[PDB]
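K.L.:
data-v8.cif is the file, holding mmCIF, C-alpha atoms and all ligand atoms:
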```
data_run
#
loop_
_atom_site.label_atom_id
_atom_site.label_comp_id
_atom_site.auth_asym_id
_atom_site.auth_seq_id
_atom_site.Cartn_x
_atom_site.Cartn_y
_atom_site.Cartn_z
CA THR A 1 0.00 0.00 0.00
CA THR A 2 1.07 3.61 -0.33
CA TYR A 3 1.33 3.95 3.45
CA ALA A 4 3.52 0.87 3.62
CA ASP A 5 5.64 2.34 0.84
CA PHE A 6 6.00 5.52 2.89
CA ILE A 7 7.17 3.55 5.91
CA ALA A 8 9.61 1.64 3.69
CA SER A 9 11.12 4.89 2.32
CA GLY A 10 12.80 5.60 5.64
CA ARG A 11 11.71 9.22 5.32
CA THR A 12 8.96 9.28 7.96
CA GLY A 13 10.97 11.41 10.39
CA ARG A 14 11.95 15.03 10.29
CA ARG A 15 13.42 15.94 6.94
CA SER A 16 16.44 18.19 6.59
CA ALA A 17 17.00 20.77 3.91
CA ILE A 18 19.32 19.88 1.03
CA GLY B 1 -22.61 31.99 -14.29
CA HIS B 2 -21.34 30.57 -11.05
CA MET B 3 -22.29 33.58 -8.94
CA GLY B 4 -25.41 35.66 -8.90
CA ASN B 5 -25.21 39.41 -8.58
CA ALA B 6 -24.98 39.59 -4.80
CA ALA B 7 -22.33 36.93 -4.50
CA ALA B 8 -20.27 38.42 -7.33
CA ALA B 9 -20.42 41.88 -5.80
CA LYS B 10 -19.42 40.57 -2.40
CA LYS B 11 -16.48 38.63 -3.82
CA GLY B 12 -15.32 41.58 -5.88
CA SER B 13 -15.47 43.86 -2.87
CA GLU B 14 -13.59 41.34 -0.77
CA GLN B 15 -10.85 41.04 -3.37
CA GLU B 16 -10.49 44.81 -3.65
CA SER B 17 -10.27 45.05 0.12
CA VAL B 18 -7.42 42.54 0.09
CA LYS B 19 -5.57 44.80 -2.36
CA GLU B 20 -6.13 47.77 -0.06
CA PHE B 21 -4.90 45.87 3.01
CA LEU B 22 -1.82 44.62 1.18
CA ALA B 23 -0.89 48.06 -0.07
CA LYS B 24 -0.95 49.40 3.48
CA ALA B 25 0.94 46.37 4.79
CA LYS B 26 3.64 46.91 2.19
CA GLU B 27 4.01 50.54 3.25
CA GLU B 28 4.45 49.45 6.88
CA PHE B 29 6.86 46.63 6.00
CA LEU B 30 9.07 48.88 3.89
CA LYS B 31 9.45 51.45 6.69
CA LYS B 32 10.80 48.78 9.06
CA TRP B 33 12.78 47.08 6.30
CA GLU B 34 14.67 50.30 5.64
CA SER B 35 15.21 51.08 9.36
CA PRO B 36 15.60 47.82 11.29
CA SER B 37 15.44 47.59 15.07
CA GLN B 38 18.55 46.42 16.89
CA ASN B 39 19.72 45.69 20.41
CA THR B 40 16.41 45.72 22.29
CA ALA B 41 17.46 43.46 25.21
CA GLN B 42 20.41 41.57 26.69
CA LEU B 43 21.20 38.04 27.77
CA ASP B 44 21.08 38.60 31.53
CA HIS B 45 17.46 39.71 31.18
CA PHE B 46 16.55 36.03 30.71
CA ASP B 47 16.85 32.72 32.53
CA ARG B 48 17.72 29.80 30.29
CA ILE B 49 15.18 26.99 30.79
CA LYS B 50 15.47 24.24 28.16
CA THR B 51 16.59 23.57 24.61
CA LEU B 52 13.58 23.43 22.28
CA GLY B 53 15.52 22.63 19.10
CA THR B 54 19.05 22.21 17.86
CA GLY B 55 20.72 21.60 14.53
CA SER B 56 22.97 23.05 11.87
CA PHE B 57 20.60 26.05 12.09
CA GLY B 58 21.88 26.79 15.62
CA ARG B 59 19.86 26.36 18.82
CA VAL B 60 16.48 27.56 20.05
CA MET B 61 16.03 27.73 23.81
CA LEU B 62 13.07 28.33 26.05
CA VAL B 63 13.96 31.35 28.19
CA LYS B 64 12.11 33.27 30.87
CA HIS B 65 12.28 37.04 31.17
CA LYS B 66 13.34 37.69 34.75
CA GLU B 67 11.09 40.68 35.43
CA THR B 68 7.87 39.73 33.67
CA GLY B 69 8.17 35.99 34.02
CA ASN B 70 7.18 35.80 30.35
CA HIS B 71 8.54 32.89 28.36
CA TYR B 72 10.15 33.27 24.96
CA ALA B 73 11.95 31.15 22.39
CA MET B 74 15.52 32.37 21.93
CA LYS B 75 17.39 31.40 18.78
CA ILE B 76 21.14 31.44 19.42
CA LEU B 77 23.66 31.53 16.58
CA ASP B 78 27.41 31.16 17.06
CA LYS B 79 28.92 33.94 14.94
CA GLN B 80 32.04 31.95 14.10
CA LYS B 81 29.94 28.95 13.05
CA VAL B 82 27.70 31.12 10.85
CA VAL B 83 30.81 32.50 9.10
CA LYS B 84 32.29 29.02 8.68
CA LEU B 85 29.08 27.67 7.14
CA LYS B 86 28.79 30.71 4.82
CA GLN B 87 25.45 31.74 6.31
CA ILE B 88 26.14 35.41 7.04
CA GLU B 89 23.67 36.80 4.51
CA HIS B 90 20.94 34.29 5.42
CA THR B 91 21.33 35.06 9.12
CA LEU B 92 21.21 38.83 8.66
CA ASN B 93 18.33 38.56 6.21
CA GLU B 94 16.28 36.27 8.49
CA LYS B 95 16.45 38.78 11.34
CA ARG B 96 15.78 41.72 9.01
CA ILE B 97 12.65 40.01 7.69
CA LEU B 98 11.38 39.00 11.11
CA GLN B 99 11.73 42.49 12.55
CA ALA B 100 9.92 44.03 9.54
CA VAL B 101 6.95 41.71 8.90
CA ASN B 102 3.67 41.75 10.83
CA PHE B 103 0.98 39.12 10.33
CA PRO B 104 -0.99 36.97 12.78
CA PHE B 105 0.57 33.70 11.59
CA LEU B 106 4.19 34.96 11.46
CA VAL B 107 6.18 34.62 14.65
CA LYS B 108 6.92 37.87 16.43
CA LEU B 109 10.46 38.89 17.14
CA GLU B 110 10.13 40.58 20.50
CA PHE B 111 13.83 41.30 21.11
CA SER B 112 17.17 40.84 19.41
CA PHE B 113 20.75 41.49 20.45
CA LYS B 114 24.29 40.18 20.11
CA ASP B 115 27.36 39.74 22.28
CA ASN B 116 31.01 38.89 21.75
CA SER B 117 30.19 35.34 20.59
CA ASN B 118 26.56 34.92 19.60
CA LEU B 119 23.53 36.42 17.89
CA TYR B 120 20.18 36.14 19.65
CA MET B 121 16.62 36.38 18.35
CA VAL B 122 14.01 36.36 21.10
CA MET B 123 10.69 35.31 19.63
CA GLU B 124 7.31 34.59 21.13
CA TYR B 125 7.21 31.09 22.57
CA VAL B 126 4.81 28.95 20.53
CA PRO B 127 4.00 26.16 22.96
CA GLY B 128 2.14 23.65 20.76
CA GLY B 129 5.22 22.36 18.98
CA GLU B 130 5.59 21.43 15.33
CA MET B 131 2.67 20.45 13.15
CA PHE B 132 4.93 17.56 12.13
CA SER B 133 4.64 15.86 15.52
CA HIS B 134 0.85 16.16 15.67
CA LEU B 135 0.49 14.96 12.10
CA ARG B 136 2.62 11.86 12.59
CA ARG B 137 0.81 11.14 15.87
CA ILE B 138 -2.77 11.56 14.64
CA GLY B 139 -1.78 10.04 11.29
CA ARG B 140 -3.62 12.41 9.02
CA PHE B 141 -5.84 15.44 9.38
CA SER B 142 -9.44 15.34 8.19
CA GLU B 143 -10.13 17.67 5.30
CA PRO B 144 -11.70 20.43 7.41
CA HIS B 145 -8.75 20.27 9.78
CA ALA B 146 -6.24 20.40 6.94
CA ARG B 147 -8.23 23.21 5.35
CA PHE B 148 -8.08 25.31 8.52
CA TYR B 149 -4.27 25.17 8.44
CA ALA B 150 -4.07 25.52 4.66
CA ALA B 151 -6.12 28.71 4.75
CA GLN B 152 -3.62 30.26 7.15
CA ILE B 153 -0.78 29.37 4.79
CA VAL B 154 -2.66 30.82 1.80
CA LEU B 155 -3.14 34.12 3.65
CA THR B 156 0.45 34.16 4.91
CA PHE B 157 1.86 33.60 1.42
CA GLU B 158 -0.57 36.17 0.01
CA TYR B 159 0.94 38.60 2.52
CA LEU B 160 4.58 37.56 1.99
CA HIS B 161 4.32 37.58 -1.79
CA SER B 162 2.83 41.08 -1.75
CA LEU B 163 6.07 42.13 -0.02
CA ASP B 164 8.03 40.35 -2.78
CA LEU B 165 9.19 37.73 -0.25
CA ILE B 166 9.50 34.15 -1.46
CA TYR B 167 9.37 31.71 1.46
CA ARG B 168 10.90 28.44 0.16
CA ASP B 169 10.93 26.50 3.47
CA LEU B 170 7.35 25.22 3.85
CA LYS B 171 6.87 21.80 5.49
CA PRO B 172 5.18 20.51 8.67
CA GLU B 173 8.50 20.57 10.52
CA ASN B 174 8.53 24.35 10.05
CA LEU B 175 4.98 25.14 11.20
CA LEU B 176 4.25 25.54 14.90
CA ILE B 177 0.85 25.36 16.60
CA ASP B 178 0.00 28.09 19.12
CA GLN B 179 -2.13 27.90 22.26
CA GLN B 180 -5.26 28.75 20.24
CA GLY B 181 -4.54 26.06 17.65
CA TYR B 182 -3.43 28.50 14.92
CA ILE B 183 -0.27 28.31 12.83
CA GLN B 184 2.97 30.15 13.40
CA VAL B 185 5.63 30.39 10.68
CA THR B 186 9.09 30.96 12.25
CA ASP B 187 11.96 30.07 9.88
CA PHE B 188 13.11 32.69 7.40
CA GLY B 189 16.61 31.51 6.55
CA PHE B 190 15.60 30.62 2.97
CA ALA B 191 13.29 33.57 2.42
CA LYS B 192 14.37 36.20 -0.09
CA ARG B 193 13.13 39.45 -1.52
CA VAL B 194 12.44 38.49 -5.14
CA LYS B 195 10.21 40.58 -7.39
CA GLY B 196 11.21 38.53 -10.43
CA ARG B 197 13.22 35.32 -10.56
CA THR B 198 15.83 33.71 -8.39
CA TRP B 199 18.04 30.67 -8.83
CA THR B 200 19.27 29.12 -5.58
CA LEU B 201 18.87 25.38 -5.04
CA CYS B 202 17.36 25.27 -1.57
CA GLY B 203 14.56 23.47 0.19
CA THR B 204 13.62 19.98 1.28
CA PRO B 205 13.38 17.16 -1.27
CA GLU B 206 9.69 16.28 -0.81
CA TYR B 207 8.69 19.96 -1.07
CA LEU B 208 10.86 21.06 -4.03
CA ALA B 209 9.05 22.41 -7.04
CA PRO B 210 10.05 20.88 -10.35
CA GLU B 211 11.56 24.11 -11.65
CA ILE B 212 13.96 24.15 -8.68
CA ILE B 213 14.98 20.53 -9.29
CA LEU B 214 15.48 21.33 -12.96
CA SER B 215 17.88 24.21 -12.22
CA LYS B 216 15.61 26.87 -13.70
CA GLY B 217 15.17 30.45 -12.70
CA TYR B 218 12.02 30.40 -10.61
CA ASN B 219 9.52 32.63 -8.87
CA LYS B 220 6.99 32.75 -6.04
CA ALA B 221 5.04 29.94 -7.72
CA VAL B 222 7.37 27.51 -5.94
CA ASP B 223 5.57 28.42 -2.71
CA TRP B 224 2.22 27.50 -4.25
CA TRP B 225 3.64 24.15 -5.34
CA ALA B 226 4.86 23.63 -1.79
CA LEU B 227 1.41 24.47 -0.47
CA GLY B 228 0.07 21.66 -2.62
CA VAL B 229 2.60 19.27 -1.10
CA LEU B 230 1.65 20.44 2.40
CA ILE B 231 -2.08 20.08 1.86
CA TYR B 232 -1.55 16.64 0.40
CA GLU B 233 0.62 15.54 3.31
CA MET B 234 -1.76 16.98 5.92
CA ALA B 235 -4.73 15.17 4.39
CA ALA B 236 -2.99 11.86 3.50
CA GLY B 237 -0.44 11.58 6.31
CA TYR B 238 2.37 11.23 3.78
CA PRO B 239 3.58 13.50 0.99
CA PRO B 240 2.77 13.08 -2.71
CA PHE B 241 6.34 12.29 -3.76
CA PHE B 242 8.57 10.06 -1.65
CA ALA B 243 11.19 7.36 -2.12
CA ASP B 244 14.28 5.94 -0.44
CA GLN B 245 16.59 8.52 -1.92
CA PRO B 246 16.16 12.14 -3.00
CA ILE B 247 16.99 11.47 -6.68
CA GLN B 248 14.00 9.11 -6.92
CA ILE B 249 11.81 11.73 -5.26
CA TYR B 250 12.95 14.29 -7.84
CA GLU B 251 12.10 11.95 -10.71
CA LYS B 252 8.56 11.63 -9.38
CA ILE B 253 8.19 15.39 -8.81
CA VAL B 254 9.16 16.27 -12.37
CA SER B 255 7.07 13.47 -13.94
CA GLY B 256 3.72 15.30 -13.89
CA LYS B 257 2.08 12.28 -12.23
CA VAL B 258 0.58 12.32 -8.74
CA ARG B 259 -1.68 9.74 -7.11
CA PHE B 260 -4.21 10.31 -4.34
CA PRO B 261 -5.73 8.28 -1.50
CA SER B 262 -9.27 7.06 -2.20
CA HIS B 263 -10.56 9.10 0.73
CA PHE B 264 -9.54 12.43 -0.84
CA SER B 265 -12.56 14.41 -1.98
CA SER B 266 -12.80 15.31 -5.65
CA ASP B 267 -12.58 18.98 -4.68
CA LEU B 268 -9.31 18.31 -2.89
CA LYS B 269 -7.88 16.34 -5.82
CA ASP B 270 -8.81 19.13 -8.22
CA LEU B 271 -7.11 21.77 -6.08
CA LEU B 272 -4.02 19.62 -5.66
CA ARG B 273 -3.74 18.88 -9.40
CA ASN B 274 -3.78 22.63 -10.01
CA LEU B 275 -1.16 23.37 -7.30
CA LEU B 276 1.05 20.36 -8.14
CA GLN B 277 1.09 21.46 -11.76
CA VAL B 278 4.51 21.06 -13.36
CA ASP B 279 3.49 23.43 -16.19
CA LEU B 280 4.04 26.93 -14.80
CA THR B 281 1.58 28.41 -17.30
CA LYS B 282 -1.14 26.37 -15.63
CA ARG B 283 -0.22 26.40 -11.92
CA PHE B 284 -2.66 27.97 -9.52
CA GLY B 285 -1.11 30.96 -7.87
CA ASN B 286 0.84 31.74 -11.04
CA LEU B 287 -1.99 32.76 -13.36
CA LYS B 288 -3.59 36.08 -14.25
CA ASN B 289 -6.01 35.77 -11.32
CA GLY B 290 -3.20 35.17 -8.85
CA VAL B 291 -4.10 33.95 -5.39
CA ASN B 292 -7.78 34.26 -6.15
CA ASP B 293 -7.73 31.01 -8.15
CA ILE B 294 -6.79 29.31 -4.88
CA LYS B 295 -8.99 31.26 -2.50
CA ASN B 296 -12.04 30.84 -4.75
CA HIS B 297 -11.56 27.14 -5.37
CA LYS B 298 -14.41 24.85 -4.36
CA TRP B 299 -12.31 23.15 -1.70
CA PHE B 300 -12.17 26.50 0.12
CA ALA B 301 -15.84 27.37 -0.41
CA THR B 302 -16.57 27.09 3.34
CA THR B 303 -13.57 29.19 4.33
CA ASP B 304 -14.33 32.64 5.76
CA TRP B 305 -10.99 34.23 4.97
CA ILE B 306 -11.57 37.31 7.15
CA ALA B 307 -12.64 35.15 10.07
CA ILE B 308 -9.45 33.07 9.75
CA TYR B 309 -7.35 36.25 9.63
CA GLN B 310 -9.17 37.64 12.68
CA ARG B 311 -8.61 34.33 14.49
CA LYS B 312 -12.34 34.03 15.16
CA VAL B 313 -12.70 30.46 13.85
CA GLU B 314 -12.65 27.72 16.47
CA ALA B 315 -9.56 25.61 15.88
CA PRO B 316 -9.97 21.88 15.28
CA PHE B 317 -7.24 21.01 17.76
CA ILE B 318 -5.83 22.78 20.84
CA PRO B 319 -2.46 21.36 21.93
CA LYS B 320 -2.10 20.33 25.54
CA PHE B 321 -0.91 23.23 27.67
CA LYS B 322 -0.06 22.97 31.38
CA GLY B 323 1.37 26.47 31.88
CA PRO B 324 3.41 29.34 30.44
CA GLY B 325 6.66 27.33 30.35
CA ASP B 326 5.28 23.93 29.36
CA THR B 327 7.59 22.25 26.82
CA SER B 328 5.80 18.90 26.52
CA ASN B 329 5.14 19.39 22.77
CA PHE B 330 8.87 19.65 22.02
CA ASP B 331 11.58 17.07 22.02
CA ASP B 332 14.27 16.63 24.64
CA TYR B 333 17.85 17.56 23.74
CA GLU B 334 21.20 17.45 25.49
CA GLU B 335 21.77 20.83 27.15
CA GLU B 336 24.92 22.68 26.05
CA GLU B 337 26.53 25.79 27.52
CA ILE B 338 26.02 29.31 26.19
CA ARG B 339 29.66 30.38 26.09
CA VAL B 340 30.36 34.12 25.77
CA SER B 341 33.99 34.90 24.96
CA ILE B 342 35.92 37.80 26.51
CA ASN B 343 36.81 38.94 22.98
CA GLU B 344 34.41 40.12 20.30
CA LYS B 345 34.25 37.78 17.29
CA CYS B 346 33.25 38.59 13.71
CA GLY B 347 32.16 42.12 14.63
CA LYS B 348 32.29 43.67 11.15
CA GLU B 349 30.34 40.82 9.58
CA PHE B 350 27.42 41.30 11.97
CA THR B 351 27.28 45.10 12.33
CA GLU B 352 23.75 45.11 10.92
CA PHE B 353 22.39 42.55 13.37
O1 LIG A 401 10.51 25.00 17.09
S1 LIG A 401 11.71 25.75 16.91
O2 LIG A 401 12.87 25.42 17.67
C1 LIG A 401 11.30 27.46 17.18
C2 LIG A 401 11.86 28.38 16.33
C3 LIG A 401 11.49 29.72 16.41
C4 LIG A 401 10.55 30.13 17.31
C5 LIG A 401 9.95 29.20 18.21
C6 LIG A 401 8.96 29.56 19.14
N1 LIG A 401 8.42 28.72 20.01
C7 LIG A 401 8.86 27.45 20.00
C8 LIG A 401 9.79 26.97 19.12
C9 LIG A 401 10.36 27.84 18.17
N2 LIG A 401 12.11 25.64 15.34
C10 LIG A 401 13.52 25.56 14.90
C11 LIG A 401 13.70 25.13 13.45
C12 LIG A 401 12.78 24.01 13.01
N3 LIG A 401 11.46 24.39 12.54
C13 LIG A 401 10.55 24.86 13.57
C14 LIG A 401 11.09 26.04 14.36
#
```
Would you put the structure from the file into structure tokens?
P.N.:
Amino acid sequence: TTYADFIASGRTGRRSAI
Amino acid sequence: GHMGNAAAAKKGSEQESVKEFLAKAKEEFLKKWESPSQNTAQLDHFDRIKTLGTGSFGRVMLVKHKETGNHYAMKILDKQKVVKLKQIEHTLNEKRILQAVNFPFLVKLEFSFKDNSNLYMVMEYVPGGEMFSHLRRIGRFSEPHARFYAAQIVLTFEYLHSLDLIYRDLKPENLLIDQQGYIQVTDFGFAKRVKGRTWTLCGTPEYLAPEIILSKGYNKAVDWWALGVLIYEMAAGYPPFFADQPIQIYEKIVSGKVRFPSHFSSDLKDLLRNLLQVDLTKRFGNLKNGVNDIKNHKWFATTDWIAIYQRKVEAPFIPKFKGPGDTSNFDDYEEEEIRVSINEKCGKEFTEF
């Protein structure tokens, strides 16, 4: 599922600027 | 047509009143922009309480003013570290913006000052913490809840853009929730006065507009793209474009394809397709009718823009608040010293602060 894909991305926490 | 006479007249009048408000607000901004305030307090006026945030951006600490007992959030920058990281202009510009703007959803700089070692911005303490935390906890916001926040961002960008300020740093991590449940925007390190185009690669991967990824000159329409990302993420619980690595995110952003959860309303999908529009000639917020294409969209049909601005709408969520210094909506961090050297550092660089 999309949610599971989000979890799998490893980008569920705070995201830094580039 | 879509509006009868009374509704059309009311909308027209409302839109003209926005123009009149913005013209006055620009006059007031430019006076403070040209004559910035400096040196309105000092460190020993405050007790240090707790670190509220820390990163390459510096530190933000909860402080208490000794005489009033009022709490504030004090951003502390190490002058030598700012110079080393080549952030002089961003640091000066952030403070210059914050002391010049005035809007109910932009954090207020109450005091600023510097000493031999550090720069200090003393802002109102916004006790509800980051939207990010609440969003990840609750999972996703219902559409009315997302809409309440989105409307505040629309008005804030309408204000900022009228001042020729591009924001560039929108994401839930950068939106705080106040004691009344309303939004506060605090971070202005990426903001820039831009009447036309600008070129810097800056932002956060999930929130980057395609034209930034593609190394184009770009304009305030990147903020409207980012609003689309934000609304999507608030309503879905995850952003529209994600992947293991930034390069894969960028490929999805530029593709012109976006998918939606089955629970999104058709009105929401239509708004998002028009914000998350890769074609700049078609993106809402970048057309002849400007912000009005957003404000007049069906998804916002229930939004009383003046009532939001006046903070007269009951918020969907009030963060827990135990007292003036409660920090329970922020994370815990190791507490480091605030060293002040006997010798002034980087004085010339920071004359304007
Ligand atoms: O929450 S902060 O520490 C913060 C900053 C400025 C004013 C604040 C006011 N109250 C609480 C926290 C505050 N923060 C730092 C950068 C990350 N994005 C959100 C702003």
K.L.:
Check which residues fall inside 7 Å of ligand LIG 401 (chain A) when counting all atoms listed in the file, and print them as a ChimeraX atom specification.
P.N.:
/B:52-54,60,72-73,75,107,123-127,129-130,173-176,186-187
K.L.:
Using all atoms listed in the file, determine which residues of chain B fall within 8 Å of chain A; present them as a ChimeraX atom specification.
P.N.:
/B:132,173,202-205,238,242-245
K.L.:
Distance CA of residue 115 (chain B)-CA of residue 341 (chain B), one decimal place?
P.N.:
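If I compute the distance from CA of residue 115 (chain B) to CA of residue 341 (chain B), I get 8.6 Å.
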K.L.:
Give the centre and edge lengths of an axis-aligned box, in Å to one decimal, that holds all listed atoms of region 175-193 of chain B with 6 Å on each side, as JSON.
P.N.:
```
{"center_x": 5.7, "center_y": 32.3, "center_z": 10.4, "size_x": 33.9, "size_y": 26.3, "size_z": 35.8}
```
K.L.:
Interatomic distance between CA of residue 39 (chain B) and CA of residue 116 (chain B)?
P.N.:
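Separating CA of residue 39 (chain B) from CA of residue 116 (chain B) is a distance of 13.2 Å.
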K.L.:
Could you tell me how far CA of residue 188 (chain B) sits from CA of residue 350 (chain B), in Å to one decimal place?
P.N.:
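These atoms are spaced 17.3 Å apart.
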K.L.:
Within 8 Å of (9.8, 22.8, -7.9), all atoms listed in the file: residues as a ChimeraX atom specification?
P.N.:
/B:207-214,222,225-226,253-254,278
K.L.:
I'd like the neighbourhood of residue 121 (chain B) as a compact mmCIF listing (two decimals) with C-alpha atoms, keeping the file's coordinate frame, where a residue qualifies if any of its atoms comes within 7 Å (using all atoms listed in the file), though same-chain residues fewer than 5 positions away should be ignored.
P.N.:
```txt
# COMPACT_ATOMS: atom_id res chain seq x y z
CA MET B 74 15.52 32.37 21.93
CA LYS B 75 17.39 31.40 18.78
CA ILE B 76 21.14 31.44 19.42
CA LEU B 109 10.46 38.89 17.14
CA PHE B 111 13.83 41.30 21.11
CA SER B 112 17.17 40.84 19.41
CA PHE B 113 20.75 41.49 20.45
```
K.L.:
From the list B:228, B:181, B:55, B:246, which residue is nearest residue 284 (chain B) when using only C-alpha atoms?
P.N.:
B:228
K.L.:
Show which residues sit within 10 Å of residue 224 (chain B), as a VMD selection string. Count only C-alpha atoms, and ignore same-chain residues fewer than 2 positions away.
P.N.:
chain B and resid 153 to 154 157 168 170 209 220 to 222 226 to 230 274 to 277 283 to 286 291 294
K.L.:
Neighbours of region 43-48 of chain B within 6 Å (all atoms listed in the file; same-chain residues fewer than 4 positions away dropped), as a PDB file with C-alpha atoms, keeping the file's coordinate frame?
P.N.:
```pdb
ATOM      1  CA  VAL B  63      13.960  31.350  28.190  1.00  0.00           C
ATOM      2  CA  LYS B  64      12.110  33.270  30.870  1.00  0.00           C
ATOM      3  CA  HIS B  65      12.280  37.040  31.170  1.00  0.00           C
ATOM      4  CA  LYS B  66      13.340  37.690  34.750  1.00  0.00           C
TER       5      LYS B  66
END
```
K.L.:
Please list as a list in words every residue within 9 Å of residue 103 (chain B), counting all atoms listed in the file and excluding residues in the same chain fewer than 4 positions away.
P.N.:
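Final neighbour list, sorted by chain and number: residues 107, 108, 156, 159 and 309 of chain B.
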K.L.:
List the neighbours of region 136-152 of chain B out to 6 Å using only C-alpha atoms; skip same-chain residues closer than 3 positions along the sequence, and give me the result as a list in words.
P.N.:
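Those residues are residues 133, 155, 234, 235, 236, 237 and 316 of chain B.
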